[PDB]
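Residue numbers (the authors' numbering), protein chains in the order written: chain W, 24 to 83, 85 to 182; chain R, 61 to 110; chain O, 72 to 294; chain G, 21 to 74.
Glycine residues also receive a C-beta, built at the ideal position from the N, C-alpha and C atoms.
Note sheet for the following structure.
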Amino acid sequence: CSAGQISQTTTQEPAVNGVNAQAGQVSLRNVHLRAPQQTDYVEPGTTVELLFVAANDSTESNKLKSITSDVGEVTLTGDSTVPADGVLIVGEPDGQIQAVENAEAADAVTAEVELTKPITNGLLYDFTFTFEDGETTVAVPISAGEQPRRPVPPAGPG
Amino acid sequence: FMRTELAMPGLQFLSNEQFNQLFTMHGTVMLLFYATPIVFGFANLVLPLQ
Amino acid sequence: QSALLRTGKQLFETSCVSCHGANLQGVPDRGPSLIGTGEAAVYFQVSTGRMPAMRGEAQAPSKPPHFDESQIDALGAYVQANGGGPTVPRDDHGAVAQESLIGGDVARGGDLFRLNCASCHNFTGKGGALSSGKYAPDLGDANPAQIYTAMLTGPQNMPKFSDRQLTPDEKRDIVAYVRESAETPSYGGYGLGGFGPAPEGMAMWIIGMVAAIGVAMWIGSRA
Amino acid sequence: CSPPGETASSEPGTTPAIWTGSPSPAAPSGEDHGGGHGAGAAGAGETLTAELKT
Ligand SMILES: CC(C)=CCC/C(C)=C/CC/C(C)=C/CC/C(C)=C/CC/C(C)=C\CC/C(C)=C/CC/C(C)=C/CC/C(C)=C/CC/C(C)=C/CC1=C(C)C(=O)c2ccccc2C1=O
Ligand SMILES: CCCCCCCCCCCCCCCC(=O)O[C@H](COC(=O)CCCCCCC[C@@H](C)CCCCCCCCC)COP(=O)(O)O[C@H]1[C@H](O)[C@H](O)[C@H](O)[C@@H](O)[C@@H]1O
Ligand code: HEC
Ligand code: HEC
Ligand SMILES: CCCCCCCCCCCCCCCC(=O)OC[C@H](C)OC(=O)CCCCCCCC[C@@H](C)CCCCCCCC
Ligand SMILES: *C(=O)CCCCCCCCCCCCCCC
Numbered sequence: 024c025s026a027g028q029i030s031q032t033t034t035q036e037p038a039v040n041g042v043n044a045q046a047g048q049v050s051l052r053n054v055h056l057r058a059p060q061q062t063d064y065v066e067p068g069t070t071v072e073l074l075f076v077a078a079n080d081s082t083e085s086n087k088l089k090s091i092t093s094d095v096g097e098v099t100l101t102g103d104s105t106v107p108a109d110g111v112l113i114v115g116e117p118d119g120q121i122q123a124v125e126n127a128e129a130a131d132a133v134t135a136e137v138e139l140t141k142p143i144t145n146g147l148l149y150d151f152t153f154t155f156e157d158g159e160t161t162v163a164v165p166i167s168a169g170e171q172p173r174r175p176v177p178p179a180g181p182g
Numbered sequence: 061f062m063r064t065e066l067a068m069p070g071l072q073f074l075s076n077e078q079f080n081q082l083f084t085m086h087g088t089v090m091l092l093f094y095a096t097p098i099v100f101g102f103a104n105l106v107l108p109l110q
Numbered sequence: 072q073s074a075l076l077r078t079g080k081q082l083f084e085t086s087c088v089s090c091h092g093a094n095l096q097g098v099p100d101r102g103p104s105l106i107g108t109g110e111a112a113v114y115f116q117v118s119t120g121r122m123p124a125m126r127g128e129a130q131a132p133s134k135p136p137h138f139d140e141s142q143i144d145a146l147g148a149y150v151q152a153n154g155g156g157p158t159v160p161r162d163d164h165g166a167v168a169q170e171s172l173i174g175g176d177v178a179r180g181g182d183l184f185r186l187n188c189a190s191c192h193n194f195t196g197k198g199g200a201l202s203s204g205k206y207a208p209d210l211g212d213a214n215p216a217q218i219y220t221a222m223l224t225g226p227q228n229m230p231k232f233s234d235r236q237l238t239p240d241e242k243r244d245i246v247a248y249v250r251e252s253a254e255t256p257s258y259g260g261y262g263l264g265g266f267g268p269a270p271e272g273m274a275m276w277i278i279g280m281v282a283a284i285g286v287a288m289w290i291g292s293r294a
Numbered sequence: 021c022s023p024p025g026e027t028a029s030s031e032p033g034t035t036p037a038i039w040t041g042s043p044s045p046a047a048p049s050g051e052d053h054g055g056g057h058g059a060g061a062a063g064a065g066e067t068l069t070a071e072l073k074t
């Protein structure tokens, strides 16, 4: 009965850096922050982009995507009402393919945040995604898609 | 087990695959592992006498 | 590519929307969301053949691939476009790279494997048992691309070794070590699997003890 | 028996503060030199850069 109602395979979160929030009619998937940090923290005043895919669960729609702002002054450049039984892809997660060189509606609703607060990858940061149907807190992480290891200074024995 | 699950529209205690394994192994046990052997059980029992 | 994305979309539509709901959002308590898993994850799961999965068990097992390379790539591209994530390595021609993923260094690959992989798989990539109905599959079958993409994306109950944990150089090294251990003949005679103590003990108690006791019966006399 | 320590659901915790290690004491006093020279002043070492701002 390892394949009973409590099976390991069915209850498996995707092996992705982003977090998934199911609260509300719209479901949030692959929620994370692209924020290349060159030091201990990401200093306030630097724009870091917020990636997520919003899926409208019901076909009857919560396409509003009102504010989705938190501490950091979230800004939705190229805002649009994308969700209609379809993905709302705010940005371009590392590895995302631009299907065509031309972009419809300019940037596909790219979300950016001015930190106003130090952040370092490996932490949980709350972002209150507000939709017309409801609002949800996500505790967004920081994700680095494919940027290889930055060369650490070689150690001098002492 | 299958019948207790089937008395209710919901899945009270059997997962879909658990119930499927249940009817599979039940049919196989009761055809190929109870009946086709017990015919030969009765054979060995009485046919040499008969 | 547009046609590639269309083909991947249609195959996804007729194969897995039942558990990775249309729009790639995972169905609750049937399958995870694929947004962000990336093209590497699809290549790995669908090429191993685990991914058109047909049960919830302790672990989804590897099985003959239900798709071929071109439409494997179609599914991977569809998932990548929807979510965006890691990409499978490829060679100059454009196909999935196999020989290029065999790192030159193998002793370094050996150390990396033993510290990281052998934990659950084996000394030499054989299997290992996990908590409850889970296990680490044998690495003899996996091809270099499959090993690389398995390290890149933790399929299930496997740590996800990002490109930063194991630099592509280190992943090529580990792939080379896995292939070398898989295809290297066992010196000293028939390798009783890769597990030493258990196969050797069983081989003793069967071969050597049956031979010895049979010779004792032949030389000796029953009475 | 169970070990005495056990769980703590209360006091969820705080994010670890950025580590700032203390200088190595007289025992491991050996450290990289900052530069040697005559230094006929309050002290400048053998390394002193400057940035030109417009
Ligand atoms: C053992 C005994 C007669 C005790 C008498 C009463 C007594 C003193 C009790 C107090 C001691 C206690 C507390 C005992 C409980 C637990 C215990 C036995 C602990 C001691 C263990 C020990 C040091 C020795 C016991 C070993 C023993 C006598 C084994 C049986 C030997 C025989 C005659 C086996 C059959 C002959 C034969 C053809 C064997 C080969 C065929 C096969 C495959 C047999 C099964 C088999 C075996 C037997 C393996 O050992 C084995 C090891 C690793 C991998 C696989 C196998 C395996 O498949
Ligand atoms: C009695 C003395 C005679 C001993 C035999 C001597 C024969 C010498 C053989 C030839 C030279 C040495 C071969 C060394 C190369 C070699 O080892 O041989 C493998 C095969 O191995 C297998 O599969 C098993 C095949 C089945 C036949 C052998 C079975 C004999 C057993 C039964 C004897 C012990 C008794 C145990 C009793 C059991 C129960 C009784 C109550 C073959 O390759 P392969 O198949 O591909 O191995 C896979 C890697 O590739 C891949 O990565 C790796 O990941 C793996 O998948 C690996 O298997
Ligand atoms: C429930 C049946 C089921 C169906 C059918 C199915 N999946 Fe999934 N999928 C799962 C489960 C369960 C997992 C995670 C555990 C596993 O993979 O065994 C998963 C995980 C994945 C992963 C890897 C996730 C990760 O983080 O590594 C990918 C990629 C994927 N699925 C894509 C697909 C594709 C492509 C198809 C169609 C070829 C498909 N799935 C069909 C259930 C399913
Ligand atoms: C227990 C922790 C764990 C460790 C650590 C681990 N693995 Fe795995 N590995 C697994 C599990 C569990 C699977 C099964 C994945 C599945 O069934 O979807 C697996 C699958 C694989 C596969 C797929 C083989 C096949 O036939 O499907 C390969 C190749 C592999 N691992 C290699 C590695 C390498 C290389 C490392 C070192 C970077 C490693 N493993 C470290 C547990 C682990
Ligand atoms: C005390 C000893 C005497 C026993 C007395 C009566 C003993 C009476 C035993 C009632 C057993 C009731 C079953 C309840 C199962 C269940 O719902 O629990 C859920 C669990 C989580 O599900 C599972 O995980 C798998 C459970 C599957 C059990 C397969 C057993 C198959 C045995 C075969 C491998 C053959 C072995 C040979 C055995 C040969 C036996 C010959 C008699
Ligand atoms: C998961 O590990 C197994 C799922 C199977 C659940 C249904 C079991 C049906 C009962 C089988 C009877 C076994 C023999 C009973 C001996 C008395």
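- Buried is the label assigned to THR195(O), since at least 16 other Cβ atoms lie within 10 Å of its Cβ.
- Taking every protein chain shown into account, the CB of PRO108(R) has fewer than 16 other CB atoms within 10 angstroms, so this residue is exposed.
- Contact with chain O is absent for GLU65(R), since none of that chain's Cβ atoms lies less than 7 Å from the residue's Cβ.
- Apart from the 5 residues on each side of it in sequence, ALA132(W) sits with its Cβ closer than 6 Å to the Cβ of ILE113 in its chain, given in chain order.
- Near ligand 1, meaning a Cβ closer than 5 Å to any of its heavy atoms, lie the following residues in chain order: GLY272(O), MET273(O), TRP276(O), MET280(O).
- Exclusion of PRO99(O) from the 6 Å shell around ligand 3 follows from its C-beta lying no nearer than that to any non-hydrogen atom of the ligand.
- With a contact defined as Cβ atoms closer than 8 Å, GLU138(W) and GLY96(W) qualify at about 6 Å.
- Between the alpha carbons of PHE155(W) and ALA178(O) lies a gap of roughly 54 Å.
- Within the same chain, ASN214, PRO215, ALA216 come within 7 Å of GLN169(O) by CB-CB distance, once the 5 residues on both sides are set aside.
- The nearest non-hydrogen atom of ligand 6 is less than 6 Å from the C-beta of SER25(W).
- By the criterion of a C-beta distance shorter than 6 Å, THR161(W) is surrounded in its chain by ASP150, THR152, once the five residues flanking it on both sides are discounted.
- The criterion of a C-beta distance shorter than 7 Å is not satisfied by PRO117(W) and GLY97(O).
- Judged by their CB atoms, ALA38(W) and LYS231(O) are nearer to each other than the 7 Å cut-off.
- Contacts with chain W at 7 Å (Cβ-Cβ) do not include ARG179(O).
- The beta carbon of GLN78(R) sits closer than 7 Å to some beta carbon of chain W.
- In the three-state reduction of the DSSP assignment, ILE284(O) falls in the helix class, which pools H, G and I.
- Take the alpha-carbon of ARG126(O) and the one of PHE73(R): they are about 17 Å apart.
- For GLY54(G), there are no neighbours in chain W by C-beta distance under 8 Å, as the nearest C-beta there is about 14 Å away.
- Using a CB distance below 9 Å, the part of the region 31-59 of chain W facing chain O consists of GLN31, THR32, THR33, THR34, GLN35, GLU36, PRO37, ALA38, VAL39, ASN40, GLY41, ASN43, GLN45, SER50, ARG52, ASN53, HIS55, ordered along the chain.
- In the DSSP assignment, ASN79(W) falls within the unbroken beta strand (DSSP E) covering 70-79.
- Rounded to whole angstroms, the separation of the alpha carbons of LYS87(W) and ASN79(W) is 8 Å.
- By DSSP's assignment, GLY199(O) forms a beta bridge with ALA207(O).
- Residue nearest to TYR114(O) within the set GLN151(O), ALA93(O), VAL286(O), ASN228(O) is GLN151(O) (criterion: CA-CA distance).
- With a beta-carbon spacing of about 5 Å, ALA131(O) and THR32(W) fall inside the 8 Å limit used to define contacts.
- Of all residues in the region 127-139 of chain W, none comes within less than 9 Å of chain G when Cβ atoms are compared.
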